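Student: Got a sequence here, can you model it:
(2 chains, ligands or ions: 2)
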Amino acid sequence: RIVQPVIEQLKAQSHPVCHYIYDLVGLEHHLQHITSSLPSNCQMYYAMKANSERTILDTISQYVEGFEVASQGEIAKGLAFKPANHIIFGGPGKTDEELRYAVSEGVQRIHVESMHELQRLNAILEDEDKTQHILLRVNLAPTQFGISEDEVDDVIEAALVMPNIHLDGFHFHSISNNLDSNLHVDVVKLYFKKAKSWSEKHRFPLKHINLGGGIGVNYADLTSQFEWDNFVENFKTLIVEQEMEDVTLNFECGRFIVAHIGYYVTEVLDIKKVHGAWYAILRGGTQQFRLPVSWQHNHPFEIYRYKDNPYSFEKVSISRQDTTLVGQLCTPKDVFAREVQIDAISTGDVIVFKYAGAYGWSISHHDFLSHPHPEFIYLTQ
Amino acid sequence: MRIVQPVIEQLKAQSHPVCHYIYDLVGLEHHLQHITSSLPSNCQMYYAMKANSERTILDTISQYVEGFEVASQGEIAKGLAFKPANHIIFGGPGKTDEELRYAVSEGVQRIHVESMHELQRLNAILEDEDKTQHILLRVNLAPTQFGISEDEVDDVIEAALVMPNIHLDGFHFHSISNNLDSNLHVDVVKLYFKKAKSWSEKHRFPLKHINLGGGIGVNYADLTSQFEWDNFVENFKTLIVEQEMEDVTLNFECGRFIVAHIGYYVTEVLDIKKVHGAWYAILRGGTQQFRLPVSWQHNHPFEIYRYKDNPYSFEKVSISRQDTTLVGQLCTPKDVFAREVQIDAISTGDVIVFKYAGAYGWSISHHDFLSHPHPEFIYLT
Ligand SMILES: *Cc1c(COP(=O)(O)O)cnc(C)c1O
Ligand SMILES: *Cc1c(COP(=O)(O)O)cnc(C)c1O
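Tutor: Numbering: from 1, shown residues only, chains lettered A, B, ... in the order given. Ligands and ions are numbered 1, 2, ... in the order given. This is the structure:
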């Protein structure tokens, strides 16, 4: 167990247990595997919205080609660990301030999501007397993202008449949390066919395709994860099959890169029965780890049993009960897991929520009810 | 929009991008004056600061209320800037040893105790510090994680009464959230009275105080049909007399009803686009700054400020009389303020004025997701 030595040290020093713990060794091994496996014309970028903690970005920047970013704040964070010319910038509502900032820093690509954005970017580029390499984000045939497939032709033609714009190709991000590697190869096939078709029709060279992220992780069954080696094998073949060896490619994964190496670890403060149902109240809450509520699932956990008793009255101990795990918050929505069968649990024990590395802290309402933040520990050996 | 229009016009005239929380403190004071002055002499109004704990809001509210209701060490600290500890009352299902010791050290007015285990942890701290503490027992009437299951209340009363460091004042009830029915709220209070009197008579301790909770509702669907406060108060006063509660001190602890109608979230339109037949308007900011609509899964009420001028050399994007989905800048399809709502006219550069944004707006939101700059805050006086 990676987190158990840390929990024992915290218990030994009488420190409260409410922590995010990250396995950086596991992260580096995962990254090494991913990046070394790809074909030479495809690179991994990290989509930092999954987890933009500075220590996480620092570890990740050693392996990835660069960062995908979607705001001025994320550009700023990326610039601490990568040069601007390895930062790619997406998002449906890029402000004039963000675009000017991106242009000024010299970001690698801006992924343009609409005609109006193209025109706003262009006006800035004319005012600054600079050029910019772009992709056009395509929404293949409804969400708010990218250019609707049938509108794409018009935005290509507008882009090609702008001398300040260098059109590299296309950007597709149309799927989320896909666990099926064969499906993902078929989706990449579709992206190749559409990009080649627009390139031909509009008579401009297809230099680059951003294939997006959306590679899934399994929170229900932890043993059944995305078949990366299978995917990459069939991906390499597909590139030859479609004659894309000359076209440069990138992925922009968030979740798949960091999910399994993070843990949210908290101590049991209380155990109570209310109208027949058992509850375990934990330190912290869903305002520090909102992932379970966002998904409406029971988040995977293990229990560390603590033998000692810090009080002169007895613990509350139960066994073999359907138990609802909640945090400290004053809302009935503060639930990590609802009516999960628990083998044995007492006040003073520690819950270890696994697979908490992605969209855990990053999506959470940290300061609701003004609780102190959890402590952050990054394991390096 | 009468209140915020002058601000929007100044922001536009000065070339400041519009993404702001705006609060009407004159409206807040008038509202508080009316509520607190209408209560009978034995009832007090506390402000439940989780609704909005912004320092300027607390500054303004502190004049008019008896005190603050708080649910963490952080909220106690924030309350202590404008009230003494003995006008702060402390609730919540997971009060840590650290929070209890801080509450006791500062001398908080009441701790609203939610379990036997908390009672014992509080009592150990009081024996160690040689202090006494006034408490209420939070009752969960006949489920949720909050308070003491009705069946278990007798046992906790008897335990509290034999602990000499504990002063049991009475009971705390908070069941209802967002009730717009004033008559029903009177009937709920009547239940609280009868239950509290029964336990007092059974165990023969003086019924000194009852905390009646918050949960006075606000109408986000129809803004013209708000809680009939004056009706509630008249019947509440009558009920006190009928139930012979004149010598029992009472308190409410309201959040939402106090601050909801005085706050606005206002933001410029960055882009309008059609994606596979569906119209979207993309706003500056996002549901990470104003999560209320997503948390509730409703369409939040708004109005449109129609801005006359154009900063660009190209035409605005405009639509008329379409089902339109309002989204922010975030790179998630869940970033939705309002789904397929009628908009009579809207253009890029217009400002959407989200009304009733004062309670559980900024306070519940995941401020730093995607690392966007915070909205600006303006307090009107
Ligand atoms: C959310 C997002 C990603 C990352 O998605 P994961 O599911 O975390 O891999 C990549 N690109 C874009 C444009 C996104 O919006
Ligand atoms: C949420 C809450 C309140 C305030 O609720 P509103 O609906 O904002 O009035 C008061 N007391 C307790 C114990 C709460 O959890």
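Student: The residue of the stretch 201-350 of chain A found nearest ligand 2 and residue B:52, how far apart?
Tutor: In the stretch 201-350 of chain A, the residue that lies nearest ligand 2 is residue A:330 (3.3 Å; Cβ to the nearest ligand atom). Where C-beta positions appear, they are placed from N, C-alpha and C, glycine not excepted. Distance of residue A:330 to residue B:52, computed by Cβ to Cβ, to the nearest Å: 14 Å.
Student: what does residue A:121 give?
Tutor: Going from residue A:121 to residue B:52 by Cβ to Cβ gives 37 Å.
Student: Comparing these two, which residue is more hemmed in?
Tutor: Each of residue A:121 and residue B:52 has its neighbours counted (other Cβ atoms under 10 Å in any protein chain shown); residue B:52 has more, 28 against 24.
Student: Run a quick neighbour tally on residue A:177.
Tutor: 16.
Student: Residue A:197 too?
Tutor: Using other Cβ under 10 Å, the number of residues around residue A:197 comes to 11.
Student: Get me the contact residues on chain A for ligand 2.
Tutor: residue A:330 (Cβ under 6 Å from any ligand atom).
Student: Break chain A down into its domains, please.
Tutor: Domain ranges of chain A: A:1-23+A:262-381, A:24-261, per curated CATH domains.
Student: Was I right to think residue A:265 contacts residue A:351?
Tutor: Yes. With contacts counted by Cβ atoms under 8 Å, residue A:265 reaches residue A:351, the gap being 7.2 Å.
Student: Among those two, which residue is more densely surrounded?
Tutor: Using other Cβ under 10 Å, the more surrounded residue of residue A:265 and residue A:351 is residue A:265, with 29 against 24.
Student: In contact with the closest residue to chain B within the stretch 151-300 of chain A, which residues are there?
Tutor: Going by Cβ to the nearest Cβ, chain B is nearest to residue A:275 of the stretch 151-300 of chain A, at 3.7 Å. By Cβ atoms under 8 Å, 6 or more residues apart in numbering or on different chains, the contact list for residue A:275 reads B:140, B:142, B:143, B:149, B:150.
Student: If we use 10 Å, what do you get?
Tutor: Residue A:275 is in contact with B:140, B:141, B:142, B:143, B:144, B:149, B:150, B:151, counting by Cβ atoms under 10 Å, 6 or more residues apart in numbering or on different chains.
Student: Over to residue A:101?
Tutor: By Cβ under 10 Å, 6+ apart, the neighbours of residue A:101 are A:71, A:72, A:75, A:76, A:89, A:94, A:95, A:107, A:124.
Student: Which of the residues you listed sits closest to residue B:116?
Tutor: residue A:71 (47.8 Å; Cβ to Cβ).
Student: Give the next helix or strand downstream of the strand or helix carrying residue A:269.
Tutor: Assessed by DSSP states H and E, residue A:269 sits inside strand A:262-274. Using DSSP H and E, the helix or strand that follows strand A:262-274 towards the C-terminus is strand A:277-282.
Student: Give me the distance between residue A:258 and residue B:313.
Tutor: Residue A:258 is 43 Å from residue B:313, by Cβ to Cβ.
Student: Between these two, tell me which one has more neighbours.
Tutor: Neighbour count, other Cβ under 10 Å: between residue A:258 and residue B:313, residue A:258 has more, with 30 against 9.
Student: That one touches residue A:64, doesn't it?
Tutor: No. Under the criterion of Cβ atoms under 10 Å, residue A:258 makes no contact with residue A:64, lying 11.5 Å away.
Student: Common neighbours of these two, please.
Tutor: In the contact map built from Cβ under 10 Å, 6+ apart, the residues linked to both residue A:258 and residue A:64 are A:31, A:46.
Student: sorry, back to before: so does the strand holding residue A:269 get close to ligand 1?
Tutor: No. Judged by Cβ under 6 Å from any ligand atom, strand A:262-274 and ligand 1 are separated, with a smallest distance of 13.2 Å.
Student: Spell out which parts of the stretch 101-250 of chain A neighbour ligand 1.
Tutor: A:173, A:176, A:212, A:213, A:214, A:215.
Student: Residue of the stretch 1-150 of chain A closest to ligand 1, please.
Tutor: Nearest to ligand 1, among the residues of the stretch 1-150 of chain A, is residue A:47, at 3.6 Å (Cβ to the nearest ligand atom).
Student: cool, the stretch 101-250 of chain A as well?
Tutor: For the stretch 101-250 of chain A, Cβ to the nearest ligand atom, closest residue to ligand 1: residue A:213, 2.8 Å.
Student: check contacts around that residue.
Tutor: Here residue A:213 is in contact with A:44-47, A:49-50, A:68, A:173, A:175-178, A:250-257 (Cβ under 10 Å, 6+ apart).
Student: Restricted to strands, list the residues you listed.
Tutor: If you go by DSSP state E, the contacts of residue A:213 have A:44, A:45, A:46, A:47, A:68, A:250, A:251, A:252, A:253 in strands.
Student: mind putting the residues you listed in TSV, neighbour count included?
Tutor: Output for the ones in strands among the contacts of residue A:213, formatted as TSV (neighbours: other Cβ atoms under 10 Å in any protein chain shown):
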residue	neighbour count
A:44	23
A:45	26
A:46	30
A:47	29
A:68	31
A:250	26
A:251	26
A:252	26
A:253	23
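Student: what sits up against the helix or strand hosting residue A:238?
Tutor: Element membership for residue A:238 (DSSP H and E) is helix A:228-241. Contacts of helix A:228-241 with the rest of the structure, by Cβ under 10 Å, 6+ apart, involve A:30, A:33-34, A:37-39, A:41-42, A:178, A:180-186, A:188-189, A:192, A:211, A:215, A:227, A:244-247, A:249, A:251, A:256.
Student: On the three-state scheme, residue A:206 is what?
Tutor: The three-state assignment at residue A:206 reads coil, by DSSP: H, G, I helix; E, B strand; the rest coil.
Student: in a strand, that's where the residue of the stretch 201-350 of chain A closest to ligand 2 is, yeah?
Tutor: No. Counting by three-state DSSP, residue A:330 is not part of a strand but coil.
Student: out of everything not next to it in sequence, what's closest to the residue of the stretch 101-250 of chain A closest to ligand 1?
Tutor: Spatially, and ignoring its direct neighbours in sequence, residue A:213 is nearest to residue A:253 (4.1 Å; Cβ to Cβ, 6 or more residues apart in numbering or on different chains).
Student: quick one: secondary structure of the residue in chain A sticking out farthest from the centre?
Tutor: In chain A, counting by Cα atoms, centre = their mean, residue A:312 sits farthest out from the average C-alpha position, at 44.9 Å. Here residue A:312 is coil, with the state taken from three-state DSSP.
Student: wait, what's in contact with it?
Tutor: Taking Cβ under 10 Å, 6+ apart, one finds B:120, B:124, B:127 in contact with residue A:312.
Student: What's the separation between it and residue B:124?
Tutor: From residue A:312 to residue B:124 the distance is 7 Å (Cβ to Cβ).
Student: ok, of the contacts of residue A:275, which come out buried?
Tutor: Buried members of the contacts of residue A:275, scored by 16 or more other Cβ atoms under 10 Å in any protein chain shown, are B:140, B:144, B:149.
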